[PDB]
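Novice: Structure file run_15.tsv (TSV, C-alpha atoms and all ligand atoms) right here:
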chain	number	residue	atom	x	y	z
A	1	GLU	CA	-31.16	172.91	135.82
A	2	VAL	CA	-30.52	174.26	132.28
A	3	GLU	CA	-28.22	172.05	130.09
A	4	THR	CA	-26.21	173.76	127.26
A	5	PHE	CA	-25.08	171.79	124.18
A	6	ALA	CA	-22.98	172.57	121.12
A	7	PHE	CA	-24.60	172.03	117.72
A	8	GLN	CA	-22.64	169.66	115.47
A	9	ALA	CA	-20.51	171.75	112.97
A	10	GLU	CA	-22.84	170.96	109.95
A	11	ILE	CA	-25.98	172.27	111.80
A	12	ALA	CA	-24.20	175.46	113.00
A	13	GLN	CA	-23.09	175.92	109.30
A	14	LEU	CA	-26.75	175.42	108.13
A	15	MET	CA	-28.04	177.93	110.74
A	16	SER	CA	-25.40	180.54	109.66
A	17	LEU	CA	-26.37	180.05	105.93
A	18	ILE	CA	-30.13	180.52	106.75
A	19	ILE	CA	-29.44	183.66	108.89
A	20	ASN	CA	-26.86	185.37	106.55
A	21	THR	CA	-27.96	184.46	102.92
A	22	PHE	CA	-30.02	187.15	101.12
A	23	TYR	CA	-33.29	185.33	100.28
A	24	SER	CA	-36.61	187.27	100.11
A	25	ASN	CA	-38.97	184.22	99.92
A	26	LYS	CA	-38.99	183.81	103.78
A	27	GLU	CA	-42.74	182.83	103.94
A	28	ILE	CA	-41.82	179.15	103.20
A	29	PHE	CA	-40.85	178.77	106.95
A	30	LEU	CA	-44.60	178.30	107.79
A	31	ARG	CA	-45.19	175.42	105.35
A	32	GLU	CA	-42.03	173.71	106.73
A	33	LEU	CA	-43.19	173.92	110.38
A	34	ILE	CA	-46.77	172.87	109.42
A	35	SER	CA	-45.18	169.86	107.50
A	36	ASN	CA	-43.20	168.87	110.70
A	37	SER	CA	-46.54	169.08	112.68
A	38	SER	CA	-48.46	167.05	110.01
A	39	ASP	CA	-45.72	164.30	110.04
A	40	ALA	CA	-45.85	164.18	113.90
A	41	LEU	CA	-49.69	163.91	113.76
A	42	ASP	CA	-49.47	161.08	111.15
A	43	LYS	CA	-47.04	159.22	113.52
A	44	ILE	CA	-49.26	159.35	116.66
A	45	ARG	CA	-52.41	158.52	114.53
A	46	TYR	CA	-50.65	155.44	113.01
A	47	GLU	CA	-49.30	154.25	116.41
A	48	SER	CA	-52.82	154.62	117.93
A	49	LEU	CA	-54.26	152.06	115.41
A	50	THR	CA	-52.29	149.19	117.11
A	51	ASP	CA	-52.26	150.79	120.66
A	52	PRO	CA	-55.39	153.03	121.36
A	53	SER	CA	-53.97	153.99	124.85
A	54	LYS	CA	-51.39	156.23	122.99
A	55	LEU	CA	-54.29	158.78	122.67
A	56	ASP	CA	-54.94	158.80	126.52
A	57	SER	CA	-52.78	162.02	126.47
A	58	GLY	CA	-55.34	163.61	124.04
A	59	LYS	CA	-57.68	162.35	121.25
A	60	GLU	CA	-57.71	165.67	119.23
A	61	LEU	CA	-55.31	165.76	116.21
A	62	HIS	CA	-54.85	169.38	115.16
A	63	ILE	CA	-52.58	172.37	114.40
A	64	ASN	CA	-53.03	175.85	116.00
A	65	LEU	CA	-51.30	179.03	114.73
A	66	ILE	CA	-51.09	181.64	117.48
A	67	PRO	CA	-49.79	185.20	116.79
A	68	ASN	CA	-48.87	187.48	119.74
A	69	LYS	CA	-48.07	191.13	118.80
A	70	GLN	CA	-47.19	192.13	122.45
A	71	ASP	CA	-44.53	189.32	122.75
A	72	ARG	CA	-43.63	189.48	118.96
A	73	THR	CA	-44.10	185.68	118.72
A	74	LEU	CA	-45.74	183.28	116.25
A	75	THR	CA	-46.49	179.86	117.84
A	76	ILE	CA	-47.18	176.64	115.84
A	77	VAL	CA	-48.91	174.13	118.18
A	78	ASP	CA	-49.64	170.49	117.31
A	79	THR	CA	-50.98	167.46	119.19
A	80	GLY	CA	-48.55	165.15	117.31
A	81	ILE	CA	-46.29	162.41	118.75
A	82	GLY	CA	-43.96	165.02	120.37
A	83	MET	CA	-40.24	164.53	121.05
A	84	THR	CA	-38.35	162.72	123.82
A	85	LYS	CA	-35.16	164.18	125.44
A	86	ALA	CA	-33.10	161.73	123.21
A	87	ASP	CA	-34.93	163.12	120.08
A	88	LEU	CA	-34.09	166.74	121.10
A	89	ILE	CA	-30.39	166.20	121.96
A	90	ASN	CA	-29.22	163.31	119.73
A	91	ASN	CA	-31.67	161.48	117.35
A	92	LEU	CA	-32.94	164.43	115.25
A	93	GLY	CA	-29.42	165.99	115.18
A	94	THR	CA	-28.03	162.71	113.68
A	95	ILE	CA	-30.61	162.77	110.79
A	96	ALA	CA	-30.14	166.61	110.51
A	97	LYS	CA	-26.30	166.19	109.89
A	98	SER	CA	-26.79	163.95	106.77
A	99	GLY	CA	-29.74	166.13	105.58
A	100	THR	CA	-27.62	169.33	105.90
A	101	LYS	CA	-24.68	167.85	103.87
A	102	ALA	CA	-27.11	166.89	101.01
A	103	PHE	CA	-28.93	170.31	101.19
A	104	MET	CA	-25.71	172.42	101.17
A	105	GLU	CA	-24.39	170.22	98.23
A	106	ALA	CA	-27.73	170.82	96.32
A	107	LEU	CA	-27.46	174.64	97.02
A	108	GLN	CA	-23.88	174.61	95.53
A	109	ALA	CA	-25.38	172.80	92.43
A	110	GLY	CA	-28.08	175.52	91.93
A	111	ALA	CA	-31.04	174.52	94.21
A	112	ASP	CA	-32.76	177.23	96.25
A	113	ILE	CA	-33.46	177.59	100.04
A	114	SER	CA	-37.25	176.72	99.48
A	115	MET	CA	-36.23	173.04	98.76
A	116	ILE	CA	-34.98	172.67	102.47
A	117	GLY	CA	-37.91	170.29	103.42
A	118	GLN	CA	-36.76	167.66	100.86
A	119	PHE	CA	-33.61	167.20	103.05
A	120	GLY	CA	-35.62	166.78	106.32
A	121	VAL	CA	-34.09	169.95	107.89
A	122	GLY	CA	-37.15	172.22	107.21
A	123	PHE	CA	-37.40	173.06	110.97
A	124	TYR	CA	-34.22	175.25	110.58
A	125	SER	CA	-36.13	177.52	108.04
A	126	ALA	CA	-37.63	179.04	111.29
A	127	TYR	CA	-34.33	181.08	111.43
A	128	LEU	CA	-35.37	182.94	108.19
A	129	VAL	CA	-37.86	184.92	110.38
A	130	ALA	CA	-36.91	184.22	114.05
A	131	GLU	CA	-33.99	185.57	116.13
A	132	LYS	CA	-34.79	182.81	118.74
A	133	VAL	CA	-36.78	179.57	118.61
A	134	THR	CA	-38.28	177.87	121.71
A	135	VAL	CA	-39.60	174.33	121.32
A	136	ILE	CA	-41.90	172.98	124.09
A	137	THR	CA	-42.57	169.28	123.60
A	138	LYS	CA	-44.20	166.29	125.28
A	139	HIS	CA	-43.90	162.67	124.06
A	140	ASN	CA	-45.87	159.82	125.78
A	141	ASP	CA	-42.63	158.03	126.85
A	142	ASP	CA	-40.99	161.14	128.46
A	143	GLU	CA	-41.34	164.46	130.45
A	144	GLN	CA	-42.24	167.95	129.08
A	145	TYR	CA	-39.09	169.74	127.79
A	146	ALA	CA	-38.12	173.19	126.56
A	147	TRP	CA	-35.43	173.34	123.81
A	148	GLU	CA	-34.11	176.82	122.85
A	149	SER	CA	-31.57	178.44	120.51
A	150	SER	CA	-30.66	181.93	119.23
A	151	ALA	CA	-28.04	180.10	117.03
A	152	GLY	CA	-24.40	181.12	117.81
A	153	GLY	CA	-23.43	177.40	117.91
A	154	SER	CA	-25.42	176.36	121.01
A	155	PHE	CA	-28.84	175.21	122.25
A	156	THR	CA	-30.33	174.61	125.71
A	157	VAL	CA	-32.64	171.86	127.06
A	158	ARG	CA	-34.53	172.08	130.39
A	159	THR	CA	-37.56	170.33	132.00
A	160	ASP	CA	-40.52	172.65	131.29
A	161	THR	CA	-42.41	174.03	134.35
A	162	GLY	CA	-45.02	175.87	132.17
A	163	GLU	CA	-48.64	174.87	131.33
A	164	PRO	CA	-48.83	170.98	130.84
A	165	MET	CA	-49.53	170.12	127.16
A	166	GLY	CA	-50.80	166.51	127.35
A	167	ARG	CA	-48.87	165.54	124.14
A	168	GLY	CA	-47.38	167.39	121.17
A	169	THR	CA	-45.09	170.26	120.25
A	170	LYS	CA	-45.20	174.09	120.45
A	171	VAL	CA	-42.68	175.92	118.17
A	172	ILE	CA	-42.42	179.53	119.48
A	173	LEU	CA	-40.84	181.89	116.94
A	174	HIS	CA	-39.41	185.06	118.56
A	175	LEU	CA	-39.61	187.11	115.37
A	176	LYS	CA	-36.88	189.42	114.02
A	177	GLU	CA	-37.85	193.17	114.26
A	178	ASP	CA	-38.43	193.42	110.43
A	179	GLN	CA	-40.55	190.16	110.18
A	180	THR	CA	-43.73	191.32	112.07
A	181	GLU	CA	-45.86	190.77	108.86
A	182	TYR	CA	-46.06	187.08	110.03
A	183	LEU	CA	-48.24	188.25	113.04
A	184	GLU	CA	-50.93	189.68	110.64
A	185	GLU	CA	-54.10	187.53	110.20
A	186	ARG	CA	-54.43	188.23	106.42
A	187	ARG	CA	-50.69	187.39	105.84
A	188	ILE	CA	-50.89	184.05	107.75
A	189	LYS	CA	-54.22	183.12	105.94
A	190	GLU	CA	-52.53	183.92	102.56
A	191	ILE	CA	-49.46	181.68	103.35
A	192	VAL	CA	-51.61	178.74	104.66
A	193	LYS	CA	-53.87	178.88	101.51
A	194	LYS	CA	-50.81	179.06	99.13
A	195	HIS	CA	-48.57	176.31	100.63
A	196	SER	CA	-50.62	174.26	103.18
A	197	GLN	CA	-54.26	174.04	101.82
A	198	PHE	CA	-54.30	170.16	101.68
A	199	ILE	CA	-52.84	169.34	105.19
A	200	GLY	CA	-54.96	166.45	106.57
A	201	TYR	CA	-55.54	168.04	110.01
A	202	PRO	CA	-57.55	171.14	111.07
A	203	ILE	CA	-55.39	174.29	111.06
A	204	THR	CA	-56.92	176.99	113.32
A	205	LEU	CA	-55.51	180.49	112.96
A	206	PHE	CA	-56.02	182.21	116.33
A	207	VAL	CA	-56.85	185.91	116.29
A	208	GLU	CA	-55.64	188.64	118.68
B	301	LIG	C1	-34.37	167.79	112.12
B	301	LIG	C2	-35.37	168.34	113.10
B	301	LIG	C3	-36.72	168.17	113.03
B	301	LIG	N1	-37.33	168.79	114.10
B	301	LIG	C4	-38.73	168.69	114.42
B	301	LIG	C5	-39.45	169.83	114.80
B	301	LIG	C6	-40.78	169.73	115.15
B	301	LIG	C7	-41.43	168.49	115.13
B	301	LIG	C8	-42.86	168.36	115.55
B	301	LIG	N2	-43.22	167.24	116.11
B	301	LIG	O1	-43.64	169.32	115.38
B	301	LIG	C9	-40.71	167.35	114.73
B	301	LIG	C10	-39.37	167.45	114.38
B	301	LIG	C11	-36.34	169.37	114.89
B	301	LIG	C12	-35.12	169.11	114.29
B	301	LIG	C13	-33.90	169.62	114.94
B	301	LIG	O2	-32.79	169.32	114.54
B	301	LIG	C14	-34.07	170.48	116.18
B	301	LIG	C15	-35.27	170.12	117.07
B	301	LIG	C16	-35.06	168.76	117.73
B	301	LIG	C17	-35.45	171.17	118.16
B	301	LIG	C18	-36.53	170.09	116.19
Please render this file's structure as structure tokens.
Ligand SMILES: Cc1cn(-c2ccc(C(N)=O)cc2)c2c1C(=O)CC(C)(C)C2

Specialist:
Amino acid sequence: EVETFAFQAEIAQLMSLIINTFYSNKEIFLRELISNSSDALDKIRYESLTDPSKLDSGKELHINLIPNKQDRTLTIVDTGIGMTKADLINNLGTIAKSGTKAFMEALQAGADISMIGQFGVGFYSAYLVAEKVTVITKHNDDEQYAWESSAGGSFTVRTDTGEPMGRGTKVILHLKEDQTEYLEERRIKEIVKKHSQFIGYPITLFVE
């Protein structure tokens, strides 16, 4: 069973702004997704200090960057806290609504798209380079889910029947035809070094 949901008006507005605004500094999407992964890793690591059994789903705390030229996808994998069904459908959307309002107000005042992470809606920068985003996630307190959206005001959520993850999140970016530079090893290495050199978890860039 695939469930279809409407994005709240503010989020659909944010997605349309990211997709339609002329902005050449698209590379910032990677630091934003790595930041989401780092925050998720900090959360599971902190929770594990009071409850060590929270790491029974996997002790390794890392980030993997996987390019796939055949599928035209860039995948950001983390072994962070993951997201529950409630996080995917309601909780993150609630914080995203207030974050969007503040971001769009800041943009009107003269701020640029690269400041998106300060408003906690950095995940949506994925739409600067991706025509579709698939999010596979597994939280300790819930099942493995697949969230997906090609924007257009809707997203889907289904129980994932793919390879079991243990715990964490996979953000699969189905890249736009003209954004294939983000599949090149030297381009990804350059972006990681420039914006994510001090992330407190190992970042492994997979090769093809
Ligand atoms: C806000 C927000 C933040 N994140 C997000 C993305 C990734 C991670 C992680 N753990 O790697 C954490 C949070 C999402 C949002 C959304 O509205 C849409 C979403 C629920 C599909 C994703």

Novice: Up to 12 Å from (-48.2, 164.6, 109.8) in the file's coordinates: name the residues, counting all atoms listed in the file, as an MDAnalysis selection string.

Specialist: chainID A and resid 32:46 61:63 78:82 168 196 198:202

Novice: Tell me, as a PyMOL selection string, which residues lie within 9 Å of residue 69 (chain A), counting all atoms listed in the file; anything in the same chain fewer than 6 positions away does not count.

Specialist: chain A and resi 180+183-184+208

Novice: List as a list in words the protein and nucleic acid residues near residue 155 (chain A), meaning an atom at most 9 Å away when all atoms listed in the file are counted, but skip any in the same chain fewer than 2 places from it.

Specialist: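 Here the answer would be residues 3, 4, 5, 6, 7, 147, 148, 149, 150, 151, 152, 153 and 157 of chain A.
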
Novice: Write out the residues from the selection above, keeping C-alpha atoms, as an mmCIF file, in the coordinates of the input.

Specialist:
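Below you can see selection.cif, which holds the result:
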data_model
loop_
_atom_site.group_PDB
_atom_site.id
_atom_site.type_symbol
_atom_site.label_atom_id
_atom_site.label_comp_id
_atom_site.auth_asym_id
_atom_site.auth_seq_id
_atom_site.Cartn_x
_atom_site.Cartn_y
_atom_site.Cartn_z
ATOM 1 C CA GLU A 3 -28.220 172.050 130.090
ATOM 2 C CA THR A 4 -26.210 173.760 127.260
ATOM 3 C CA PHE A 5 -25.080 171.790 124.180
ATOM 4 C CA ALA A 6 -22.980 172.570 121.120
ATOM 5 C CA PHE A 7 -24.600 172.030 117.720
ATOM 6 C CA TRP A 147 -35.430 173.340 123.810
ATOM 7 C CA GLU A 148 -34.110 176.820 122.850
ATOM 8 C CA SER A 149 -31.570 178.440 120.510
ATOM 9 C CA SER A 150 -30.660 181.930 119.230
ATOM 10 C CA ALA A 151 -28.040 180.100 117.030
ATOM 11 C CA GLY A 152 -24.400 181.120 117.810
ATOM 12 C CA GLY A 153 -23.430 177.400 117.910
ATOM 13 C CA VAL A 157 -32.640 171.860 127.060
#

Novice: Got a sec to check which residues sit within 9 Å of (-35.4, 174.4, 110.2), counting all atoms listed in the file, and write them as a ChimeraX atom specification?

Specialist: /A:14-15,18,29,32-33,116-117,120-128

Novice: Can you pull out the residues contacting residue 68 (chain A)? Cut-off 12 Å, using only C-alpha atoms, and skip same-chain residues under 4 positions away; I want them as a list in words.

Specialist: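 Non-adjacent residues within range: residues 72, 73, 74, 75, 76, 172, 173, 174, 175, 180, 181, 182, 183, 184, 185, 205, 206, 207 and 208 of chain A.
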
Novice: Find, counting all atoms listed in the file, the residue in A:106, A:89, A:12, A:17 that gets nearest to ligand LIG 301 (chain B).

Specialist: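 Once distances to ligand LIG 301 (chain B) are computed over all atoms listed in the file, the minimum belongs to A:89.
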
Novice: State, in Å with one decimal place, the distance from CA of residue 187 (chain A) to CA of residue 131 (chain A).

Specialist: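 A separation of 19.7 Å between them.
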